[PDB]
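Notes for the structure review
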Amino acid sequence: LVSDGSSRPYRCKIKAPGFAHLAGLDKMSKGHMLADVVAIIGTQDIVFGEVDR
Amino acid sequence: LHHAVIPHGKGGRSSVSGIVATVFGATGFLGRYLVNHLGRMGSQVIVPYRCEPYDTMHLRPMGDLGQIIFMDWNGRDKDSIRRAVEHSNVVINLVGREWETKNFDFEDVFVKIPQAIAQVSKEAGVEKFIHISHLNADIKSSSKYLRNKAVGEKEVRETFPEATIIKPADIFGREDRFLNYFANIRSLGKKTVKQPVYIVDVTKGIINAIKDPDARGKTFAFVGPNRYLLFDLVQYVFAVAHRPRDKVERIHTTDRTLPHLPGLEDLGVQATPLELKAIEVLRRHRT
Amino acid sequence: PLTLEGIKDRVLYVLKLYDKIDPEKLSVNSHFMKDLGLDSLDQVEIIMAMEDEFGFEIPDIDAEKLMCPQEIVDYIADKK
Amino acid sequence: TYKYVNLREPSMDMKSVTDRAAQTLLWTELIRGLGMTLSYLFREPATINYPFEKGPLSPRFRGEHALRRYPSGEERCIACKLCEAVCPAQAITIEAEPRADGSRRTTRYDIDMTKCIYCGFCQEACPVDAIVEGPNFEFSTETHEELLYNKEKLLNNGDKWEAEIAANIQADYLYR
Amino acid sequence: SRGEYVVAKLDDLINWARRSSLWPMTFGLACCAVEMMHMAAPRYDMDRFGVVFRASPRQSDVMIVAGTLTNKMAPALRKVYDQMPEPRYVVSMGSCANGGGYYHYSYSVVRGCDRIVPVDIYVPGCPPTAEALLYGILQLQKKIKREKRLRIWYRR
Amino acid sequence: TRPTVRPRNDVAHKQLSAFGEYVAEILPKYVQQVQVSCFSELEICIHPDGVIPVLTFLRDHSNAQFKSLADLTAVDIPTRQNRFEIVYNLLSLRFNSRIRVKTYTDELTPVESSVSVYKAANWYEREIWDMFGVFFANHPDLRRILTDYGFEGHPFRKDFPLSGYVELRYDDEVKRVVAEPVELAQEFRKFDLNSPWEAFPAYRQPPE
Amino acid sequence: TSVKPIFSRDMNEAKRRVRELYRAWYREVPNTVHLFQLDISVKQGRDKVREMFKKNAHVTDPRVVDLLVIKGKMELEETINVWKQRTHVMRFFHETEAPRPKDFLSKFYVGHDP
Ligand SMILES: NC(=O)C1=CN([C@@H]2O[C@H](COP(=O)(O)OP(=O)(O)OC[C@H]3O[C@@H](n4cnc5c(N)ncnc54)[C@H](OP(=O)(O)O)[C@@H]3O)[C@@H](O)[C@H]2O)C=CC1
Ligand code: SF4
Ligand code: SF4
Ligand code: SF4
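This text gives an overview of the structure that appears in the document.

What counts, and at which threshold
- Residues numbered from 1 in each chain as written, not as in the entry; some residues may be left out.
- Chains lettered and ligands numbered in written order.
- Part of a larger assembly, values for the part shown.
- Heavy atoms only, no water.
- Helix = DSSP H or I, 4+ residues; strand = E, 2+ residues; numbered from the N terminus.
- Rg over C-alpha atoms; globule rule 2.2 N^0.38 Å.
- Buried < 20%, exposed > 50% of the residue type's maximum accessible area, 1.4 Å probe, protein only.
- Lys, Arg positive; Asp, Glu negative; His and termini not counted.
- Charge placed at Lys NZ, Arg CZ, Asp CG, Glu CD.
- Contact = heavy atoms within 4.5 Å.
- Pairing = 2+ DSSP bridges.
- Axes fitted to C-alpha atoms, helices over the stretch in contact; angles between N-to-C directions.
- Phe/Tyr/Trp six-rings, centres within 6.5 Å; stacked < 30°, edge-to-face > 60°.
- Parallel < 35°, antiparallel > 145°, perpendicular 65-115°, else oblique.
- Left-handed = near helix turned anticlockwise from the far one by under 90°.
- Nonpolar A, V, L, I, M, F, W, Y, C, P; charged D, E, K, R; others polar.
- Near = heavy atom within 4 Å.
- Buried area = accessible area lost by both parts, 1.4 Å probe.
- Salt bridge = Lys/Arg side-chain N within 4 Å of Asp/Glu carboxyl O.
- Polar contact = N/O pair within 3.5 Å; in protein donor to acceptor, adjacent residues only side chain to side chain.

1. Describing the overall build of chain C
Helix and strand content of chain C: 4 helices and 0 strands. N-terminal to C-terminal, the α/β element order of chain C is α-α-α-α. Relative to the globule expectation of 12 Å for 80 residues, the C-alpha radius of gyration of chain C, 12 Å, shows essentially globular dimensions. Once the C-alpha set of chain C is aligned to its principal axes, its extents read approximately 35 × 25 × 20 Å. The buried share of chain C, reckoned over its 80 residues, is 40%. Taking the 9 positively charged and 19 negatively charged side chains of chain C as two groups, their mean positions are separated by 3 Å.

2. Points about the environment of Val16 of chain B
Residue and element names in this part refer to chain B. Relative to the helices and strands, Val16 is located in the segment before β1 (20-24). By relative accessible area, which is 36% here, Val16 ends up partly exposed. Residues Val16 and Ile6, 10 residues apart in the sequence, show an inter-C-alpha distance of 7.6 Å. Setting aside anything within four residues of it in sequence, one finds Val16 in contact with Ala4, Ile6, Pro7 and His8.

3. Side note on the sheet that holds strand β3 (residues 89-93) of chain E
Residues and elements named next belong to chain E. Read from one edge to the other, the open sheet built from 4 strands follows the order β1-β2-β3-β4, with strand pairing classed as parallel. Looking at the sheet topology across the chains shown, the edges are occupied by β1 (25-26) and β4 (121-123). In the packing of helix α4 (residues 130-145) onto the sheet, the strands contacted are β2 (62-65), β3 and β4, and the crossing angle to β4 comes to about 165°.

4. Thoughts on the packing of aromatic side chains
By the definition in use, this model includes 24 aromatic pairs over all chains. Between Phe19 of chain A and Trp123 of chain F the ring centres are 6.0 Å apart and the planes differ by 65°, which places this aromatic pair in the edge-to-face class. Taken together, the positions of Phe19 of chain A in helix α1 (residues 17-22) and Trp123 of chain F in helix α3 (residues 121-131) put the pair across two chains. For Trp123 of chain F, a relative accessible area of 25% translates into the label partly exposed.

5. Observations concerning the arrangement of the chains
Where the 11 pairs of chains in contact are concerned, the greatest contact count is recorded for chains D and E. One thing to see here is that chain A and chain C don't touch, and their nearest C-alpha atoms sit 36 Å from each other.

6. Digging into the packing of helix α1 (residues 4-17) of chain C against helix α2 (residues 40-54) of chain C
Geometrically, a packed helix pair is captured by the angle between its two axes and the distance between the axes. Residues and elements named next belong to chain C. Close contact between α1 and α2 brings their axes to 11 Å; oriented N to C, the two are set at 120°. Between α1 and α2, the interaxial angle falls into the category oblique. In the packing of α1 onto α2, the handedness of the crossing is right-handed. Contact residues: α1 offers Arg10, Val11, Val14 and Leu17, while α2 offers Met50, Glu53 and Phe54. Across the contact of α1 with α2, the residue classes break down as 5 nonpolar, no polar and 2 charged.

7. Re the site of ligand 4
Residues in close proximity to ligand 4 include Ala30, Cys31, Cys32, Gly67, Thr68, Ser95, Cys96, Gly125, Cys126 and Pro127 of chain E, which together make up its full environment. Here the residues of the shell around ligand 4 are counted per class, giving 6 nonpolar, 4 polar and no charged.

8. Quick word on the pairing of strand β3 (residues 104-112) of chain D
All names here are of chain D. Pairing between strand β2 (residues 92-98) and β3: 7 bridges, direction antiparallel. Along β3, the bridge assignment pairs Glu95 with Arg108. The turn joining β2 and β3, which pair antiparallel and follow one another in sequence, is formed by 5 residues; a positive phi near 145° is taken by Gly102. Pairing between β3 and strand β5 (residues 148-149): 2 bridges, direction antiparallel.

9. Notes on the interface of chain E and chain D
Across the boundary between the two partners, chain E contributes 32 residues, which contact 28 residues of chain D. Counting each side, the surface lost to burial between chain E and chain D is near 2600 Å², with a carbon and sulfur contribution of 58%. Taken as a group, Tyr102, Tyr122 and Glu131 of chain E account for 23% of the area that chain E buries against chain D, more than any other trio of residues on that side. Where chain E meets chain D, there are 1 salt bridge. Two residues, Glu142 of chain D and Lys143 of chain E, come together in a salt bridge whose shortest N-O distance is 3.3 Å. Counting across the chain E and chain D interface gives 8 residue pairs in polar contact. Every element with two or more residues in the side of chain E that touches chain D is listed here: β4 and α4 of chain E. Among the elements that line the side of chain E that touches chain D, the one with the most residues is α4 of chain E, at 8 residues. Considered class by class, the residues forming the side of chain E that touches chain D number 15 nonpolar, 9 polar and 8 charged.

10. A short note on the interface of chain D and chain F
Between chain D and chain F, the contact holds 6 residues from the first and 4 residues from the second. Carbon and sulfur atoms make up 34% of the area that chain D and chain F hide from each other, which totals about 440 Å². Three residues stand out in chain D for area buried against chain F, namely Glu84, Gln90 and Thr93 of chain D, and they jointly supply 79% of the buried area on that side. In this structure, the connection of chain D to chain F is made through 1 salt bridge. Ionic pairing is found between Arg189 of chain F and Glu84 of chain D, a salt bridge with its closest N-O pair at 2.8 Å.

11. Points about the site of ligand 3
Around ligand 3 lies a shell formed by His65, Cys87, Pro88, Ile92, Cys116, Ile117, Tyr118, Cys119, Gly120, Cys122 and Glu133 of chain D. Here the residues of the shell around ligand 3 are counted per class, giving 8 nonpolar, 2 polar and 1 charged.

Limitation: the analysis is restricted to geometry and does not speak to function.
As structure tokens, then:
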């Protein structure tokens, strides 16, 4: 949070573990095949709402 | 006149534009594009149907939130039609099956339908009534279609005289009849010279003339830009598409200009040719 | 059949084949940019159009150095 | 404090290694899974027969957006604009006027059902309990015109019942 | 008029045949998808209504648009809509999708899924409680009970 | 003051004060501020050239380990000439502490692309480029991610208003989806909530 | 005053990269109008391309030119892949009106647009 002396926050921002966990997908999945990639998307819990921030 | 028929602000998506249009038809082709351009203009459209609401469902979200409104009409009673045109700025008449049904001929749709609607309209007090007609629909022969249209033309010209009787030539587009029959072939080849006019210039002309007053009373006719032979056009269709009785008679029958009546140039719309849009629309060939 | 004159004739009719040039009005000292009313946009159009016509790539600085019909013909005579 | 996993080795003793081999070549714990699933077959499943039996709830569900009124009295809303001041998608639209009497009242009290996220904030913000989130949740509306409430729709919906709303509030006017 | 009588009876049979099973496709963008999978749950059934949850688009009867439509989403959504057989119906589930919703005054959001595909059944809620969605599909079925296509064809 | 008001530890405050004084005096090329708030979370305010050198210092050195990376946003402040604030936020695995590396920057001159030492910063810097337009020279790939492709405007600025300029609709004219200038159905009302009367006397600024 | 620019020294390198970027768009166009099964003549698309170039010839500040070059390179990448669909490519065009001209009396009829 970044607050002006205010009742409106000037700037909120959210660190999302979904974003951080989607961030390393190449280096997690350089040496496998596509069904394993779907398992990789599974094994780091995704909601895709929070990956948007 | 009262407020909320006056235009408001810019255009598009429930900007309160001018005309409140009662349309008879519009579940077919040209009326569907016409409702589309009035939704772009942002005009409230009252349309009655008669079929299942699934068809008016797949043409429903053309308007914005709650602009267009749906109700029922029938080819028999004045009360339902009158209730559908109780309050209207303008009304347009576009109707017709191109084969006789069990219960309807080419007679009495083209005859009997403009009678009752013009009756309740002139008792109702609508303005800028636009009645379409096929081009070169005569008292002459070869079509119950064309002669019933000529009788309806004389009806709409005589009673309610300041109707814009409008006529395009035979149109082509995404859901053309005659180019579809050119695809639905086999064959036979004749001669007839013919000008094709694309559908979007037609419906642009109709919405511009209906929104621009002082251009009333006069019948108009819409012109194809090329005007050449039918069989050369069939060779053009097979060339662009990569592959080597009433409809065929009524395309072989009559294609001409009428120098009496004014056309596109009293409206200020650019003519889209056959070639551009025909290349745009001829998909659905081999790969 | 690879001389200066055959290359200049094929360069000449593709100068004919470009649309906005009005007319060709060829000269050894034509300078179609400013003496004929063209753009550096159209300069680079014509340069890579000649590249599209008959061969070698003509990169950026040599595409800038031409500005002129016969200088194109002579620079191809250098390069080809 | 930590309690981690996967710290063992396959035991080199002959009984344990032939047991892992027996599971490998005899398809055993797969059949153990089949046995567990058939145990759930032989239970009675827990479904509710929907159009007759309705799934349970709380006294504090947030549904219908109904209005209330005084005992044999007029409209409970003062039009004090707090609900539109708090409405986090601004779906309230209040235009207020007095009438010929003198008590301050409304003209236009509109709830969009599209923007209304169903908070509860307008219930909590109401000083007189004018708007109340209703009990029933069955809207199912075939046309988008019909999902835009007017004040008259809200008053009819507050006069199709109060007895449910009154019972819910009179049970739980003590928590909030 | 037993011709008309056979028309009405056969129309009842075919439309009951349509509305009987109605396997959907769950498009499911956001948390409305979680509540839809909670009406896939063992308590609120879908087997009873013949309703088979199925990711197949090619055989989709109805389509449950739920979640939150975005500008990046919309052309792919309508491409999903096109490769679909023409007897088809749409349930707009959720306050986000049937009118923009809580992210209404925003960029990158189409103001409701009306502006892409036509909508038969709106059902509001955030999330629409699984019970209420099941009521919405029941009133979809009653819309299917009144559709009179074969009546219109015979007296057409 | 003791019930229902959160008490604090001055010990952590003294520790962070000494640590910030240390870091500030041993990298004096770029430090302009080391500020410590009341509840002991460190802020270091930095010129936009010591990005790579200071982060290479702060990843290592065994007195401040701080491997863990988080948020990078550049809080859009007008009434400055250097508008944007790139905020690194760093966490120590070894010491359990949070330091906010605030570096300042302007509209058009790049900071130096912290992805060289921070493999988490790749989509973070891509996000900052997409929402703002802060450029990152010496970077592998800059694209638009978390926006539409054909959309532009860099929307998380203050110049970009709340509604977008464009608004999609399907139309059957050209049989596809198009974009139009925005035709709102309602105003998005605007409540002048900034009440007067000086709710905090300590944070007053000197008037002119 | 210290300003550290992207690429530029004078506008010569600006001219150089922008003419090469235009060459990239020229050989970009026919492949894409064939790939997306589009419906527009190649002449028209290329003239709208060069019209979009000729809109912003009025800027001489070289950092602005650098940022323009990088933007155009981004979208040439994203259309030389298949990452952008038919919708965005048509969205560059305006085949749906948008009719509004700059006549005085036309804006005096459809009111309150000065
Ligand atoms: N090239 C061309 O096709 C040209 C056509 N025209 C004219 O344009 C008009 C529209 O053409 P088009 O769209 O192709 O044809 P349509 O048959 O599709 O249009 C007629 C519309 O009115 C409805 N309708 C027709 N008869 C009845 C009836 N008895 N009761 C109720 N509804 C009826 C139709 O079916 P439904 O009832 O299911 O809604 C349809 O919605 C026609 O009148 C045609 O003569 C003019 C010039 C050229
Ligand atoms: S808070 Fe209650 S009394 Fe006040 S305006 Fe809203 S509903 Fe009416
Ligand atoms: S529940 Fe929330 S969104 Fe709905 S009217 Fe009340 S305050 Fe507004
Ligand atoms: S309506 Fe509520 S539950 Fe549904 S997608 Fe939107 S935020 Fe999620």
